[PDB]
Amino acid sequence: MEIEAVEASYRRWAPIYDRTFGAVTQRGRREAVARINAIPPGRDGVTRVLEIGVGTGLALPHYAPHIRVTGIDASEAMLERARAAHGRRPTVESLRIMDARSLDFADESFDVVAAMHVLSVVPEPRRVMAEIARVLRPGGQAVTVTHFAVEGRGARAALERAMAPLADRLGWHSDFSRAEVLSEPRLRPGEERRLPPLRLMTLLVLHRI
Ligand SMILES: CCCCCCCC/C=C\CCCCCCCC(=O)OC[C@H](COP(=O)(O)OCCN(C)C)OC(=O)CCCCCCC/C=C\CCCCCCCC
Ligand SMILES: Nc1ncnc2c1ncn2[C@@H]1O[C@H](CSCC[C@H](N)C(=O)O)[C@@H](O)[C@H]1O
């Protein structure tokens, strides 16, 4: 989505987000955070995490004490909820407005990127995936959770196709495909699980080569 359309959509979402979309995606969110928590600590016994599209910060309270998490988002409305609820937590290093297409962080500066329900929203996902590879240290990981549209005939595929023109009203691309997370050759796809709701979501871990 164009960035201004992201802002407009998530201004509307923010007051209901946690009790609606956020609530039905909590299991996958917890699972993603559990994976991140389990990764062997980086330097000084800390795991430095970049939360791309941190939103209202529903993942934040689940990060273990050894995590240092930096969250970025495009939406003030969403981010202010993350601030209000979680801004004082010791694991939370900062919460900033930043566009994932252009990350103001050094090459190889993070151990982990978290990208939950965001890659199907961003403008120019090709640019985002390149930035993810750039900021990840060798052997680092991106833990992603996204809906991918299904291939072929049938009712799900048809509804995904019908919702594609509605992106700016909905807040995401319903036709988002797996290929759009795999455009960057420095990121090798590993663990893949289908998660609720209704088997719509894919957890996909990407390893920095
Ligand atoms: C309100 C939209 C209507 C959804 C249609 C119903 C589909 C369920 C039925 C059958 C399954 C097969 C058809 C699938 C068809 C495709 C569904 C789809 O686009 O999926 C992906 C989508 C987003 O995921 P992302 O890209 O990872 O995230 C990025 C964006 N995020 C951060 C918001 O996820 C969902 O659609 C989860 C389910 C909807 C659950 C949302 C909870 C309801 C939301 C708000 C409450 C208001 C409801 C009123 C609207 C109902 C009238 C239609
Ligand atoms: N280019 C971009 N840069 C930063 N944040 C972006 C972005 N495009 C979309 N987003 C953010 O992506 C979020 C999607 S909602 C998902 C929020 C959170 N990860 C969760 O699991 O609940 C929104 O808050 C939106 O503002």
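Computed over heavy atoms, backbone and side chain alike; hydrogens, waters and symmetry mates excluded. Whatever order the structure lists ligands and atoms in, that order sets their numbers, starting from 1. The first residue of the sequence shown is numbered 1, and numbering continues consecutively from there.
Nearest to atom 2 (C) of ligand 2 among the protein's heavy atoms is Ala100 N, 3.7 Å. Here the protein heavy atom with the shortest distance to atom 1 (N) of ligand 2 is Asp99 OD1, 2.9 Å. Closest protein heavy atom to atom 8 (N) of ligand 2: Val122 CG1, 3.5 Å. Of all protein heavy atoms, the one lying nearest to atom 12 (O) of ligand 2 is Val118 CG2, 3.4 Å. Among protein heavy atoms, atom 9 (C) of ligand 2 sits closest to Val6 CG1, 3.5 Å.
Of the options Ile97, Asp73, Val121, the smallest heavy-atom separation from atom 13 (C) of ligand 2 is shown by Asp73. Of the options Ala115, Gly53, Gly57, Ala82, the smallest heavy-atom separation from atom 18 (C) of ligand 2 is shown by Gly53.
Atoms of ligand 2 lying under 4.0 Å from any heavy atom of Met78, numbered from 1 in the order shown and given with element: 24 (O). Per-residue contacts place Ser75 under 4.0 angstrom from the following atoms of ligand 2 (heavy atoms of the residue considered): 26 (O). Proximity to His117 (heavy-atom distance under 4.0 Å) selects the following atoms of ligand 2: 14 (C), 15 (S), 16 (C), 21 (O). Close contacts of ligand 2 with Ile3, meaning ligand atoms under 4.0 Å from a residue heavy atom, involve 1 (N). Close approach of ligand 2 to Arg29 (heavy-atom distance below 4.0 Å) involves ligand atoms 20 (C), 21 (O), 22 (O). Less than 4.0 angstrom separates some heavy atom of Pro123 from each of these atoms of ligand 2: 1 (N). For ligand 1, the atoms sitting less than 4.0 Å from at least one non-hydrogen atom of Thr146 are 27 (O), numbered in the order shown with element in parentheses.
Considering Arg134, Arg137, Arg186 as possible partners of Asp107, the one that fulfils the salt bridge (charged side-chain N to carboxylate O under 4.0 Å, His left out) test is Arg134.
At a 4.0 Å cut-off, at least one heavy atom of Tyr17 sits close enough to ligand 2 to count as contact. In this structure, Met98 has a heavy atom closer than 4.0 Å to ligand 2. The shell of residues lying under 4.0 angstrom from ligand 1, judged by heavy atoms, includes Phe21. Using 4.0 Å as the threshold, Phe148 has no heavy atom nearer than that to any atom of ligand 1.
For ligand 2, none of its N or O atoms has an N or O atom of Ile52 under 3.5 Å away. Annotation: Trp172 places an N or O atom under 3.5 Å from an N or O atom of ligand 1; distance criterion only. Looking at ligand 1, you'll find an N or O of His147 within less than 3.5 Å of one of its N or O atoms. Taking only nitrogen or oxygen atoms, main chain and side chain alike, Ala74 reaches within less than 3.5 Å of ligand 2.
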### Message
Using the rule given for salt bridge (charged side-chain N to carboxylate O under 4.0 Å, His left out), can you reason through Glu131 versus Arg127, listing the C-alpha separation, both sets of side-chain angles and the distance that settles it, and then say yes or no?
### Response
CA-CA 6 Å; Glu131 286 288 275; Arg127 284 181 60 192; over 6 Å; no

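Residue contacts with ligand 1, taken as heavy atom pairs separated by less than 4.0 Å, do not involve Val145 at all. No part of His173 comes within 4.0 Å of ligand 1, judged by heavy-atom distances.
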